[PDB]
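# Coordinate analysis (summary)
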Amino acid sequence: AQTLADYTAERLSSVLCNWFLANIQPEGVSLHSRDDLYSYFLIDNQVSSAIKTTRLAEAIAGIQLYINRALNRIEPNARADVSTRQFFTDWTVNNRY
Amino acid sequence: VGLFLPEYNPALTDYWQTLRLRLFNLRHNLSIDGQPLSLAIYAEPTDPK
Amino acid sequence: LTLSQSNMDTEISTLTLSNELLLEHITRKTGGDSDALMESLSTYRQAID
Amino acid sequence: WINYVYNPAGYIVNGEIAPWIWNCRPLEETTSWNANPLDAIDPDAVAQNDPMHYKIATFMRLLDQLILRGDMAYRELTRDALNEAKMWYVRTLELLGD
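This text gives an overview of the structure that appears in the document. Here every chain is numbered from 1 following its written sequence, which may not line up with the entry's numbers; residues without coordinates are dropped from view. For this description, chains carry letters from A and ligands carry numbers from 1, given in the order in which they are written. Here the displayed chains are drawn from a larger assembly, and the quantities reported describe the displayed chains exclusively. Computation of side-chain values covers all heavy atoms of the structure but excludes hydrogens and water.

### A short note on the interface of chain A and chain C
Contacts between the two partners involve 28 residues from chain A, matched on the other side by 28 residues from chain C. Buried area: the sum, over both parts, of the accessible surface (1.4 Å probe) that disappears when the two are put together. Interface area lost by chain A to chain C is led by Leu16(A), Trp19(A) and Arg55(A), which between them contribute 26%. For this analysis, a salt bridge means a side-chain nitrogen from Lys or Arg found within 4 Å of a carboxyl oxygen belonging to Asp or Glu. Joining chain A to chain C, the criterion identifies 1 salt bridge. Think of a polar contact as two N or O atoms within 3.5 Å of one another; within protein, one of them needs to be a possible hydrogen donor and the other a possible acceptor, and neighboring residues in sequence only count if both atoms come from side chains. Where chain A touches chain C, the interface holds 6 residue pairs in polar contact. Numbering of helices and strands runs from the N terminus, with a helix taken as a DSSP run of H or I at least four residues long and a strand as a DSSP run of E at least two residues long. The element best represented in the side of chain A that touches chain C is helix α1 (residues 2-23) of chain A, accounting for 12 residues. The contact rule is simple, with two residues in contact once any of their heavy atoms fall within 4.5 Å.

If you want it as structure tokens, here you go:
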């Protein structure tokens, strides 16, 4: 039963990602692949069902990914004034728990 | 035109290949060398007739 | 998000969280139920999966 | 030490993000200071003739450092170490592109 549940979860994840990529587009973001969904929703949908995590850990990982994307000017229109706070200045030491 | 064409940089392709392999290993619950990290099952046969 | 001990300690699969988020978005878009969404997907043809 | 030459996050000058991309002025302006680079086999001479190759070399060094950090984190097998390695690899991949 557990193995069947894992297989079902994987198949459902693939189907849902395809459906969302095909039918829904956000207001001002263009996304064309599963990796785009990963970068947008800050959660990996391509992982196997074997790995485990906690809600706080995945929230931390998502926020760290968002900060890394915004700081390096990958996502446009980032606020310049905000990105010079004391916290982000020491990002070389705050990027790991 | 019967000339030759330019060639890609091998080092960058090496970087891309390494990144792809590492990400694939990470996503499928494997060690850095491809060794699986989860124990399997045996499915013992249920006796003879 | 609630910063409680159970949220901190309980183990869970990442695929479960991703599926629940995507399901919430799809149900919000179509305005239906999860079972209705599955029944609709049983006959969807305009995709590859 | 490498941030004195290149830093994707920009450089803080007087409390604001500086408008330039590369902190090394000759690289930023692409100033050539060698007129006969092919007189002998010397990669440094060729790079001096066209300092763009110096840009590419610095970028490659940065990518090497990132990948090494990721491998070091991966070799610990702890869940947090695995997450850190994943973050490093994702950052390198996003820097490289497709």
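### Re the pattern of salt bridges
Tallied over the entire structure, the rule returns 10 salt bridges over all chains. With a shortest N-O distance of 3.0 Å, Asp44(A) and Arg27(B) are connected by a salt bridge. Residue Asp44(A) is found in the loop between α2 (34-41) and β1 (52-53), and its partner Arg27(B) is found in helix α1 (residues 10-27); the two belong to separate chains. Counted as one network, the salt bridges with shared partners bring together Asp44(A), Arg27(B) and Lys86(D).

### A few points about the packing of aromatic side chains
Any two rings among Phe, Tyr and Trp, with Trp reduced to its six-membered ring, count as a pair given centres within 6.5 Å; such a pair is stacked if its planes are under 30 degrees apart, edge-to-face if over 60, and tilted if neither. The full count for this structure, using the stated rule, is 8 aromatic pairs over all chains. Both rings, one in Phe87(A) and one in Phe88(A), keep their centres 5.9 Å apart while their planes meet at 70°; by these two values the pair is edge-to-face. On the accessibility criterion, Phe87(A) (47% relative accessible area) is partly exposed. Ring centres 6.1 Å apart and planes at 50° place the aromatic pair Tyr6(D) and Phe59(D) in the tilted group. Here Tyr6(D) is found in the segment before β1 (12-13), whereas its partner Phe59(D) is found in helix α3 (residues 52-74), with 53 residues between them in sequence. The classification of residues rests on relative accessible area computed with a 1.4 Å probe and restricted to protein chains. Under 20% of the type maximum is buried, over 50% is exposed, and intermediate values are partly exposed. When its relative accessible area of 10% is taken as the criterion, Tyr6(D) is described as buried.

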